[PDB]
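Shown here: input09.txt, compact mmCIF, C-alpha atoms.
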# COMPACT_ATOMS: atom_id res chain seq x y z
CA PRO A 94 -32.05 -134.00 33.87
CA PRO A 95 -32.48 -137.76 33.12
CA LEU A 96 -30.76 -139.16 30.02
CA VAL A 97 -33.86 -139.77 27.92
CA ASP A 98 -35.32 -136.31 28.70
CA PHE A 99 -31.95 -134.63 28.09
CA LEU A 100 -31.61 -136.30 24.70
CA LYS A 101 -35.23 -135.60 23.87
CA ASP A 102 -34.63 -131.90 24.46
CA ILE A 103 -31.37 -131.87 22.47
CA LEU A 104 -33.22 -133.42 19.50
CA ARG A 105 -35.87 -130.68 19.78
CA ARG A 106 -33.17 -127.96 19.93
CA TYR A 107 -31.19 -129.40 17.01
CA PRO A 108 -34.03 -130.73 14.84
CA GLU A 109 -32.32 -131.53 11.51
CA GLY A 110 -32.68 -135.28 11.04
CA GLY A 111 -29.73 -135.39 8.67
CA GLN A 112 -26.92 -134.10 10.88
CA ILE A 113 -25.71 -137.64 11.68
CA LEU A 114 -24.62 -137.99 7.98
CA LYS A 115 -22.27 -135.02 8.03
CA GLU A 116 -21.29 -135.96 11.61
CA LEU A 117 -20.27 -139.49 10.62
CA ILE A 118 -18.31 -138.15 7.68
CA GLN A 119 -16.45 -135.87 10.13
CA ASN A 120 -15.76 -138.77 12.45
CA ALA A 121 -14.44 -140.85 9.59
CA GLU A 122 -12.20 -137.92 8.64
CA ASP A 123 -10.77 -137.69 12.17
CA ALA A 124 -10.14 -141.43 12.17
CA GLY A 125 -8.14 -141.18 8.92
CA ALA A 126 -10.71 -143.07 6.85
CA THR A 127 -10.53 -142.49 3.11
CA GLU A 128 -14.05 -143.63 2.18
CA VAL A 129 -17.52 -143.57 3.70
CA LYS A 130 -20.47 -145.59 2.47
CA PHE A 131 -24.12 -145.13 3.39
CA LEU A 132 -26.58 -147.90 2.66
CA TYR A 133 -30.31 -148.07 3.25
CA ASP A 134 -31.11 -151.72 3.75
CA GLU A 135 -34.66 -152.94 3.33
CA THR A 136 -33.81 -156.39 4.76
CA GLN A 137 -36.06 -157.64 7.56
CA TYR A 138 -34.28 -159.93 10.03
CA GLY A 139 -35.74 -162.59 12.28
CA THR A 140 -37.08 -161.90 15.74
CA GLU A 141 -36.51 -165.26 17.40
CA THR A 142 -32.91 -165.50 18.59
CA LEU A 143 -32.57 -162.06 20.13
CA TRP A 144 -31.05 -160.81 23.37
CA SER A 145 -34.68 -160.30 24.46
CA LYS A 146 -38.13 -159.99 22.82
CA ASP A 147 -37.84 -156.23 23.42
CA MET A 148 -35.19 -156.19 20.67
CA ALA A 149 -37.72 -157.15 18.01
CA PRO A 150 -38.58 -153.56 16.89
CA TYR A 151 -34.95 -153.07 15.79
CA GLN A 152 -34.68 -156.06 13.46
CA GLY A 153 -36.13 -154.29 10.40
CA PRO A 154 -34.85 -151.81 7.79
CA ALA A 155 -31.77 -149.84 8.75
CA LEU A 156 -29.37 -147.18 7.65
CA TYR A 157 -25.85 -148.54 7.61
CA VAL A 158 -22.74 -146.38 7.55
CA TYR A 159 -19.27 -147.77 6.79
CA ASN A 160 -15.79 -146.32 6.93
CA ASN A 161 -12.42 -147.96 6.34
CA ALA A 162 -10.84 -146.95 9.63
CA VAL A 163 -10.93 -148.98 12.84
CA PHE A 164 -12.08 -147.51 16.19
CA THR A 165 -9.43 -146.87 18.77
CA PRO A 166 -10.20 -147.45 22.46
CA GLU A 167 -10.69 -143.68 22.72
CA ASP A 168 -13.28 -143.73 19.90
CA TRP A 169 -15.28 -146.36 21.84
CA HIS A 170 -15.08 -144.29 25.02
CA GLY A 171 -16.26 -141.22 23.09
CA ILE A 172 -19.22 -143.06 21.60
CA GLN A 173 -20.52 -144.88 24.70
CA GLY A 191 -23.07 -129.36 17.48
CA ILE A 192 -24.60 -132.31 19.34
CA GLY A 193 -22.08 -134.89 18.11
CA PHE A 194 -23.17 -138.54 17.81
CA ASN A 195 -26.45 -137.74 19.52
CA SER A 196 -28.02 -136.64 16.23
CA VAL A 197 -28.25 -140.37 15.43
CA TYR A 198 -31.29 -140.53 17.67
CA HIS A 199 -33.30 -138.60 15.11
CA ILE A 200 -33.49 -141.80 13.06
CA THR A 201 -33.02 -144.68 15.53
CA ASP A 202 -33.53 -145.64 19.16
CA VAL A 203 -30.76 -148.23 19.19
CA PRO A 204 -27.63 -147.28 17.26
CA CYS A 205 -25.24 -150.19 16.73
CA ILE A 206 -21.49 -149.91 16.21
CA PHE A 207 -19.22 -152.68 14.84
CA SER A 208 -15.50 -152.08 14.64
CA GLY A 209 -12.57 -154.47 14.94
CA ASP A 210 -13.37 -157.09 17.55
CA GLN A 211 -16.36 -155.38 19.20
CA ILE A 212 -20.05 -154.67 18.62
CA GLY A 213 -21.85 -152.15 20.78
CA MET A 214 -25.52 -151.11 20.98
CA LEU A 215 -26.58 -147.93 22.75
CA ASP A 216 -29.87 -147.66 24.63
CA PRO A 217 -30.69 -144.20 26.04
CA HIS A 218 -34.09 -145.54 27.19
CA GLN A 219 -32.11 -147.59 29.73
CA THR A 220 -34.63 -150.44 29.38
CA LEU A 221 -33.23 -153.00 26.94
CA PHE A 222 -30.14 -154.26 28.77
CA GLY A 223 -31.10 -153.54 32.38
CA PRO A 224 -32.46 -150.51 34.28
CA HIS A 225 -28.86 -149.48 35.08
CA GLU A 226 -27.46 -150.06 31.58
CA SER A 227 -27.27 -147.50 28.75
CA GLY A 228 -26.15 -150.10 26.20
CA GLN A 229 -24.30 -153.37 25.76
CA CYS A 230 -21.07 -154.55 24.11
CA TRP A 231 -19.94 -157.95 22.82
CA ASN A 232 -16.41 -158.99 21.99
CA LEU A 233 -16.40 -161.24 18.91
CA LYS A 234 -13.87 -163.58 20.54
CA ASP A 235 -14.75 -163.48 24.26
CA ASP A 236 -18.50 -163.64 23.62
CA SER A 237 -18.42 -165.89 20.52
CA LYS A 238 -20.71 -168.50 22.10
CA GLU A 239 -23.38 -165.93 23.06
CA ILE A 240 -23.19 -164.32 19.61
CA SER A 241 -23.70 -167.70 17.92
CA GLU A 242 -26.69 -168.38 20.20
CA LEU A 243 -28.19 -165.01 19.22
CA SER A 244 -28.04 -165.62 15.50
CA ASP A 245 -30.94 -163.29 14.58
CA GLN A 246 -29.37 -160.51 16.70
CA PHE A 247 -26.06 -160.70 14.85
CA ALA A 248 -27.13 -161.65 11.32
CA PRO A 249 -27.51 -157.94 10.46
CA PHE A 250 -23.73 -157.58 10.91
CA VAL A 251 -22.78 -160.08 8.23
CA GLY A 252 -23.16 -159.91 4.48
CA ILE A 253 -22.43 -156.19 4.18
CA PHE A 254 -19.19 -154.19 3.76
CA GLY A 255 -17.25 -157.43 3.41
CA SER A 256 -18.22 -158.82 6.81
CA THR A 257 -18.67 -162.59 6.47
CA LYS A 258 -19.39 -165.52 8.79
CA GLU A 259 -15.62 -165.95 9.10
CA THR A 260 -15.40 -162.41 10.53
CA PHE A 261 -17.28 -163.72 13.54
CA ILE A 262 -15.52 -167.09 13.68
CA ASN A 263 -12.08 -165.45 13.75
CA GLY A 264 -13.15 -162.30 15.54
CA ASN A 265 -12.01 -159.16 13.70
CA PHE A 266 -13.52 -156.79 11.19
CA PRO A 267 -10.84 -154.41 9.84
CA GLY A 268 -13.13 -151.42 9.38
CA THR A 269 -16.09 -149.72 11.02
CA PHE A 270 -19.76 -149.82 10.41
CA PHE A 271 -22.90 -148.61 12.06
CA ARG A 272 -26.38 -150.06 11.86
CA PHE A 273 -29.20 -147.64 12.66
CA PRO A 274 -32.52 -149.50 12.71
CA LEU A 275 -35.01 -146.97 11.47
CA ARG A 276 -37.66 -145.87 13.94
CA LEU A 277 -41.02 -147.31 12.91
CA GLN A 278 -43.09 -146.43 15.98
CA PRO A 279 -42.87 -143.55 18.44
CA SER A 280 -40.51 -143.86 21.38
CA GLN A 281 -39.64 -141.81 24.44
CA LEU A 282 -36.83 -140.19 22.40
CA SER A 283 -38.77 -139.09 19.35
CA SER A 284 -41.99 -139.11 17.37
CA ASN A 285 -40.16 -139.05 14.04
CA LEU A 286 -40.52 -142.23 12.02
CA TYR A 287 -38.23 -143.06 9.15
CA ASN A 288 -39.21 -145.03 6.10
CA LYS A 289 -37.46 -145.49 2.77
CA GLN A 290 -38.84 -142.18 1.41
CA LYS A 291 -37.52 -140.19 4.35
CA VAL A 292 -34.12 -141.84 4.18
CA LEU A 293 -33.91 -141.08 0.45
CA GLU A 294 -34.77 -137.46 1.38
CA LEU A 295 -31.67 -137.45 3.60
CA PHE A 296 -29.67 -138.83 0.70
CA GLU A 297 -31.01 -136.14 -1.68
CA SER A 298 -30.20 -133.40 0.87
CA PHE A 299 -26.66 -134.68 1.28
CA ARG A 300 -26.31 -134.93 -2.52
CA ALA A 301 -27.02 -131.19 -2.73
CA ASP A 302 -24.32 -130.40 -0.13
CA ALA A 303 -21.79 -133.15 -0.90
CA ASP A 304 -19.22 -131.00 -2.76
CA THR A 305 -19.31 -128.52 0.14
CA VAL A 306 -18.91 -131.26 2.77
CA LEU A 307 -15.89 -132.81 1.01
CA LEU A 308 -14.42 -129.33 0.36
CA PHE A 309 -12.48 -129.14 3.62
CA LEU A 310 -11.71 -132.84 4.05
CA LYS A 311 -8.22 -134.19 3.40
CA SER A 312 -8.61 -137.86 4.28
CA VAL A 313 -12.14 -138.81 3.22
CA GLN A 314 -12.14 -138.61 -0.57
CA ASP A 315 -15.09 -140.83 -1.56
CA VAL A 316 -18.68 -140.95 -0.28
CA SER A 317 -21.24 -143.31 -1.79
CA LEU A 318 -24.92 -143.95 -1.05
CA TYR A 319 -26.78 -147.20 -1.78
CA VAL A 320 -30.08 -148.96 -1.36
CA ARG A 321 -30.24 -152.68 -0.78
CA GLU A 322 -33.72 -153.81 -1.77
CA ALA A 323 -35.75 -156.59 -0.14
CA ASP A 324 -34.70 -159.08 -2.87
CA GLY A 325 -31.05 -158.16 -2.22
CA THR A 326 -30.59 -156.04 -5.39
CA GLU A 327 -28.35 -153.02 -4.76
CA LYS A 328 -28.82 -149.61 -6.34
CA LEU A 329 -26.24 -146.86 -6.42
CA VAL A 330 -28.00 -143.63 -5.44
CA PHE A 331 -25.06 -141.22 -5.58
CA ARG A 332 -21.27 -141.21 -5.39
CA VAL A 333 -19.02 -138.17 -4.90
CA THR A 334 -15.26 -138.04 -4.90
CA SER A 335 -12.81 -135.26 -4.21
Would it be possible to restate this file's structure as structure tokens?
Amino acid sequence: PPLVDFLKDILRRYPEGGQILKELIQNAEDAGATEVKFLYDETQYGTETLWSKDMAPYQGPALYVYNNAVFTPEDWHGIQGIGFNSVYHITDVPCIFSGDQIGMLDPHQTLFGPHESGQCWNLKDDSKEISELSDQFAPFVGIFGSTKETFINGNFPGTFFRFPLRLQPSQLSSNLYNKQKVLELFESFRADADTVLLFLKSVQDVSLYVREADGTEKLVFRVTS
């Protein structure tokens, strides 16, 4: 059972595209986060200074998810009920930024090498490479308080994910996400939000946003317990 086929089957067996939203809230809860933010970002990034040209399909609109906890080493090991794997409903290349590290997962095992299932950069140890790959890392600044100085100094005291939305079929999935389909996820969560927060004791605030192409931000929904 190869990784891509395994995941493909899991996504067929657990078809609800929205599970990653409740799943990430649960993970934030376990981590002792007190707030979670979801943001649909329409921003298109450049495709020049990437790890490789094969990264270009992942430079467009993305769902971001923030929480105010920092990953432990164990959290990173865990990341690298179908758990995190529901993310693959919406993206082929989930990205994780927490503390001093950014990771990108690649179940296709094509982007980083035929023996690699992903890649990690340390903001300090790999600072030169990051700076070289400015288009690759631009999507990790200017959101949730991450600034250029975050990368210069090398620590972001929180967690966020970037899930570039699937715009063409892949070996994982035929399901494409656009703004409409992401807003459908947001509306479905909105319906269930009081029930989700019901049993949580750490996460007390969940908010959903859109950042438009011109940079304008719209509050879609916010729920507190």
Practice prompt. Scan for residues within 7 Å of the point (-17.9, -131.2, 7.6) in the coordinates of the file, using all atoms listed in the file, and reply as a ChimeraX atom specification.
Written response: /A:115,118-119,306
Response to the item:
CA of residue 236 (chain A) sits from CA of residue 211 (chain A) at a separation of 9.6 Å
Hey, could you make a per-residue contact list for region 131-255 of chain A against region 291-298 of chain A with 10 Å as the cut-off, showing the nearest pair of atoms and its distance in Å to one decimal, counting all atoms listed in the file, sorted by chain and number, as a tab-separated table?
residue	atom	partner	partner_atom	distance
A:131	CA	A:296	CA	8.8
A:132	CA	A:296	CA	9.8
A:133	CA	A:292	CA	7.4
A:155	CA	A:292	CA	9.5
A:156	CA	A:292	CA	7.9
A:200	CA	A:292	CA	8.9
Could you turn the residues from that selection into a file that holds C-alpha atoms, as an mmCIF file, in the coordinates of the input?
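Output below, filename selection_28.cif:
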data_model
loop_
_atom_site.group_PDB
_atom_site.id
_atom_site.type_symbol
_atom_site.label_atom_id
_atom_site.label_comp_id
_atom_site.auth_asym_id
_atom_site.auth_seq_id
_atom_site.Cartn_x
_atom_site.Cartn_y
_atom_site.Cartn_z
ATOM 1 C CA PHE A 131 -24.120 -145.130 3.390
ATOM 2 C CA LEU A 132 -26.580 -147.900 2.660
ATOM 3 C CA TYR A 133 -30.310 -148.070 3.250
ATOM 4 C CA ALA A 155 -31.770 -149.840 8.750
ATOM 5 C CA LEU A 156 -29.370 -147.180 7.650
ATOM 6 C CA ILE A 200 -33.490 -141.800 13.060
#
Practice prompt. Might you pull out every residue within 12 Å of residue 252 (chain A), with only C-alpha atoms counted and same-chain residues fewer than 3 positions away left off, and present them as a ChimeraX atom specification?
Written response: /A:134,136,247-249,255-261,321,325
Would you pick out the contacts of residue 319 (chain A) at 6 Å or less, using all atoms listed in the file, so that residues sharing its chain but fewer than 5 positions from it are not included, and give the list as a short mmCIF file (atom, residue, chain, number, x, y, z; two decimals) with C-alpha atoms, in the frame of the given file?
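New file part_1.cif:
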data_model
loop_
_atom_site.label_atom_id
_atom_site.label_comp_id
_atom_site.auth_asym_id
_atom_site.auth_seq_id
_atom_site.Cartn_x
_atom_site.Cartn_y
_atom_site.Cartn_z
CA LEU A 132 -26.58 -147.90 2.66
CA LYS A 328 -28.82 -149.61 -6.34
CA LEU A 329 -26.24 -146.86 -6.42
CA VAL A 330 -28.00 -143.63 -5.44
#
Worksheet item: Distance CA of residue 277 (chain A)-CA of residue 217 (chain A), one decimal place?
Response: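 For CA of residue 277 (chain A) relative to CA of residue 217 (chain A), the distance reads 17.0 Å.
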Discussion item. As a VMD selection string, please: the residues near region 125-127 of chain A (cut-off 6 Å, only C-alpha atoms, same-chain neighbours under 6 positions excluded).
Written reply: chain A and resid 161 to 162 312 to 314
Worksheet item: Looking at A:111, A:171, A:267, A:166, which one is nearest to residue 208 (chain A), with distances taken over only C-alpha atoms?
Response: A:267
Item to complete: List every protein, DNA or RNA residue that has at least one atom no more than 12 Å from (-38.3, -156.4, 24.5) in the file's coordinates, counting only C-alpha atoms, and write the result as a list in words.
Response: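 Answer for this query, in the requested form: residues 140, 141, 143, 144, 145, 146, 147, 148, 149, 150, 151, 152, 218, 219, 220, 221, 222 and 223 of chain A.
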Can you write just those residues out, C-alpha atoms, as a PDB file, in the coordinates of the input?
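After the write, result-v6.pdb holds the following:
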ATOM      1  CA  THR A 140     -37.080-161.900  15.740  1.00  0.00           C
ATOM      2  CA  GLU A 141     -36.510-165.260  17.400  1.00  0.00           C
ATOM      3  CA  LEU A 143     -32.570-162.060  20.130  1.00  0.00           C
ATOM      4  CA  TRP A 144     -31.050-160.810  23.370  1.00  0.00           C
ATOM      5  CA  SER A 145     -34.680-160.300  24.460  1.00  0.00           C
ATOM      6  CA  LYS A 146     -38.130-159.990  22.820  1.00  0.00           C
ATOM      7  CA  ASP A 147     -37.840-156.230  23.420  1.00  0.00           C
ATOM      8  CA  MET A 148     -35.190-156.190  20.670  1.00  0.00           C
ATOM      9  CA  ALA A 149     -37.720-157.150  18.010  1.00  0.00           C
ATOM     10  CA  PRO A 150     -38.580-153.560  16.890  1.00  0.00           C
ATOM     11  CA  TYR A 151     -34.950-153.070  15.790  1.00  0.00           C
ATOM     12  CA  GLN A 152     -34.680-156.060  13.460  1.00  0.00           C
ATOM     13  CA  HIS A 218     -34.090-145.540  27.190  1.00  0.00           C
ATOM     14  CA  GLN A 219     -32.110-147.590  29.730  1.00  0.00           C
ATOM     15  CA  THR A 220     -34.630-150.440  29.380  1.00  0.00           C
ATOM     16  CA  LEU A 221     -33.230-153.000  26.940  1.00  0.00           C
ATOM     17  CA  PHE A 222     -30.140-154.260  28.770  1.00  0.00           C
ATOM     18  CA  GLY A 223     -31.100-153.540  32.380  1.00  0.00           C
TER      19      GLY A 223
END
With N, CA, C and O atoms as the goal, would you fill in the gaps in region 301-318 of chain A and present it as a short mmCIF file (atom, residue, chain, number, x, y, z; two decimals), keeping the file's coordinate frame?
data_model
loop_
_atom_site.label_atom_id
_atom_site.label_comp_id
_atom_site.auth_asym_id
_atom_site.auth_seq_id
_atom_site.Cartn_x
_atom_site.Cartn_y
_atom_site.Cartn_z
N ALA A 301 -27.09 -132.64 -2.51
CA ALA A 301 -27.02 -131.19 -2.73
C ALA A 301 -25.77 -130.54 -2.11
O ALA A 301 -25.17 -129.64 -2.69
N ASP A 302 -25.39 -131.02 -0.92
CA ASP A 302 -24.32 -130.40 -0.13
C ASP A 302 -22.98 -131.11 -0.24
O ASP A 302 -22.00 -130.66 0.35
N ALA A 303 -22.93 -132.23 -0.97
CA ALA A 303 -21.79 -133.15 -0.90
C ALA A 303 -20.46 -132.48 -1.27
O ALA A 303 -19.46 -132.68 -0.59
N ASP A 304 -20.44 -131.69 -2.35
CA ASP A 304 -19.22 -131.00 -2.76
C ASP A 304 -18.72 -130.07 -1.66
O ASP A 304 -17.51 -129.95 -1.45
N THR A 305 -19.65 -129.43 -0.96
CA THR A 305 -19.31 -128.52 0.14
C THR A 305 -18.77 -129.28 1.35
O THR A 305 -17.79 -128.85 1.98
N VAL A 306 -19.40 -130.40 1.68
CA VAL A 306 -18.91 -131.26 2.77
C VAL A 306 -17.47 -131.69 2.50
O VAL A 306 -16.58 -131.48 3.34
N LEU A 307 -17.22 -132.26 1.32
CA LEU A 307 -15.89 -132.81 1.01
C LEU A 307 -14.84 -131.71 0.82
O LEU A 307 -13.64 -131.99 0.79
N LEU A 308 -15.29 -130.46 0.67
CA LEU A 308 -14.42 -129.33 0.36
C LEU A 308 -13.23 -129.24 1.31
O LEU A 308 -12.11 -129.00 0.87
N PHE A 309 -13.48 -129.42 2.60
CA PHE A 309 -12.48 -129.14 3.62
C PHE A 309 -11.87 -130.43 4.20
O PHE A 309 -11.09 -130.39 5.15
N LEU A 310 -12.22 -131.56 3.59
CA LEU A 310 -11.71 -132.84 4.05
C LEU A 310 -10.42 -133.18 3.32
O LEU A 310 -10.27 -132.86 2.15
N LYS A 311 -9.49 -133.82 4.02
CA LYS A 311 -8.22 -134.19 3.40
C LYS A 311 -7.97 -135.69 3.43
O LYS A 311 -7.11 -136.19 2.71
N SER A 312 -8.75 -136.42 4.23
CA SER A 312 -8.61 -137.86 4.28
C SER A 312 -9.75 -138.57 3.55
O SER A 312 -9.52 -139.38 2.65
N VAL A 313 -10.99 -138.27 3.93
CA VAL A 313 -12.14 -138.81 3.22
C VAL A 313 -12.22 -138.20 1.83
O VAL A 313 -12.35 -136.97 1.69
N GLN A 314 -12.13 -139.06 0.82
CA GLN A 314 -12.14 -138.61 -0.57
C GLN A 314 -13.27 -139.21 -1.41
O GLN A 314 -13.36 -138.94 -2.60
N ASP A 315 -14.13 -140.03 -0.80
CA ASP A 315 -15.09 -140.83 -1.56
C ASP A 315 -16.26 -141.07 -0.62
O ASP A 315 -16.07 -141.63 0.45
N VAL A 316 -17.46 -140.64 -1.02
CA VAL A 316 -18.68 -140.95 -0.28
C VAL A 316 -19.69 -141.52 -1.26
O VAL A 316 -19.95 -140.93 -2.32
N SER A 317 -20.25 -142.67 -0.92
CA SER A 317 -21.24 -143.31 -1.79
C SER A 317 -22.48 -143.69 -1.01
O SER A 317 -22.40 -143.98 0.17
N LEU A 318 -23.63 -143.66 -1.69
CA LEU A 318 -24.92 -143.95 -1.05
C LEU A 318 -25.62 -145.02 -1.85
O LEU A 318 -25.66 -144.93 -3.09
#
